[PDB]
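Q: Protein sequences appear in the order of chains G and I. Numbering of the first sequence is given in the entry's author numbering, commencing with residue 394 and proceeding in unit increments. Numbering of the second sequence is given in the entry's author numbering, commencing with residue 111 and proceeding in unit increments. Note that beta-carbon positions come from the ideal geometry of N, C-alpha and C, so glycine has one too.
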Amino acid sequence: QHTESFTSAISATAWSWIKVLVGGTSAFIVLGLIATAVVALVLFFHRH
Amino acid sequence: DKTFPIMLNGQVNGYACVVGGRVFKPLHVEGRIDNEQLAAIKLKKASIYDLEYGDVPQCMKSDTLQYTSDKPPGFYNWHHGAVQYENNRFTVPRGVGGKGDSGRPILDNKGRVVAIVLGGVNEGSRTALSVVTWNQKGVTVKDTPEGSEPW
C-alpha cells in the first residue's frame with residue numbers, strides 16, 4: 394500500500410547472530426583440520 | 111633367525127624377515143607369505159611404509175636385536191658377504207643387488223640389523239641401495255639414492 398523495500402534486509406539481530414555463529418564454526422573446524430594435516434606432514438619431512 | 115621368501119605363484123618373489131620387537135614383512139611386493147603362522151595376520155601398511163604389524167605370539171617374539179645409532183664404517187654381514195661403509199650404503203659389487211630379492215636385512219656383525227633394503231638397484235661402477243633405518247635418534251626413516259628400484 395506504501396513505499397517499502399523488502400530486499401532480504403529483515404535478518405534480525407538474533408538471525409545474524411546465529412548465521413555468523415554457524416559460518417564461523419564451520420570455517421574454524423575446517424581450517425584447524427587443514428592446519429593439522431600439514432602439521433603431521435612436516436614431522437615426516439623433518440625425519441630425514 | 112627367520113627370514114622367509116614370499117610365495118607368489120609357487121616361486122619366490124619377495125623375502126619376509128622377522129625383526130626384534132615386531133614381525134616384519136616388506137609390503138612393497140605381494141604374494142602369499144610362505145609361513146602359515148603369518149598366514150593369519152592382519153596387514154598394517156602406511157602411505158610410504160611397507161611393514162607388517164607384529165602379531166606373532168610372544169613366544170618367538172623379538173627374533174632379532176634392533177640397531178641403534180652411531181653407524182660404524184665396519185663390516186656388516188650381508189646375505190652375500192660383509193659390507194663396509196658409513197656415509198651411505200656400501201659399495202656392493204656390480205651385478206649383486208639387482209632385482210627380485212626384495213626384503214633383505216643388513217645386520218651388524220653383533221647381530222643388530224642395521225637397516226632394511228627397499229631398493230637401490232644400481233649406483234654406477236659401484237652400487238648403493240635405498241634402505242630404511244633409525245634416523246639419528248631412533249626414527250624409522252628411509253633414504254633413497256637417485257636411481258633406486260626394488261632389489
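Who are the neighbours of I:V249 on chain G, taking C-beta pairs under 7 angstroms?
A: Reading the second sequence from its first residue, position 139 is the one you call residue 249 of chain I. In chain order: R440.
Q: Does G:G425 come out as helix, strand or coil in the three-state DSSP assignment?
A: Along the first sequence, one-based indexing puts residue 425 of chain G at 32. G:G425 falls in the helix class under three-state DSSP.
Q: Please report the Cβ distance between I:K155 and I:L175, rounded to the nearest whole angstrom; I am assuming they are in contact, meaning their Cβ atoms lie under 8 angstroms.
A: As a first step, residue 155 of chain I must be located in the second sequence, where it is residue number 45. As a first step, residue 175 of chain I must be located in the second sequence, where it is residue number 65. With a Cβ gap of about 25 angstroms, I:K155 and I:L175 do not count as contacting.
Q: How would you list, in chain order, the residues of chain G whose beta-carbon sits under 7 angstroms from the beta-carbon of I:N245?
A: The residue labelled residue 245 of chain I in the question sits at position 135 within the second sequence. Under the 7 angstroms cutoff, chain G gives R440 and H441.
Q: Count the other C-beta atoms from every protein chain shown that fall within 10 angstroms of the C-beta of I:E162, then say buried if there are 16 or more, exposed otherwise.
A: As a first step, residue 162 of chain I must be located in the second sequence, where it is residue number 52. Counting Cβ neighbours within 10 Å, I:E162 comes out buried, since at least 16 surround it.
Q: Quick one: residues in its chain with C-beta nearer than 6 angstroms to the C-beta of I:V166, no 5 flanking neighbours on either side, listed in chain order?
A: For the purposes of this step, residue 166 of chain I is taken as residue 56 along the second sequence, with counting starting at 1. Here the set comprises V133.
Q: Would you identify the three-state DSSP class for I:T178, choosing helix, strand or coil?
A: Counting from one through the second sequence, the residue named residue 178 of chain I turns up at place 68. DSSP places I:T178 in coil when its eight states are reduced to three.
Q: Which value, in whole angstroms, describes the spacing of the CA atoms of I:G205 and I:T237?
A: Within the second sequence, numbered from 1, the residue matching residue 205 of chain I stands at position 95. Within the second sequence, numbered from 1, the residue matching residue 237 of chain I stands at position 127. Near 9 angstroms, if we compare the C-alpha coordinates of I:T237 and I:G205.
Q: Report the three-state DSSP secondary structure of I:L161 (helix, strand or coil).
A: Locating residue 161 of chain I in the second sequence gives position 51, where the first residue counts as 1. Coil.
Q: Which residue spans inside the region 117-161 of chain I form an unbroken beta strand (DSSP E) run of at least 3?
A: 121-127
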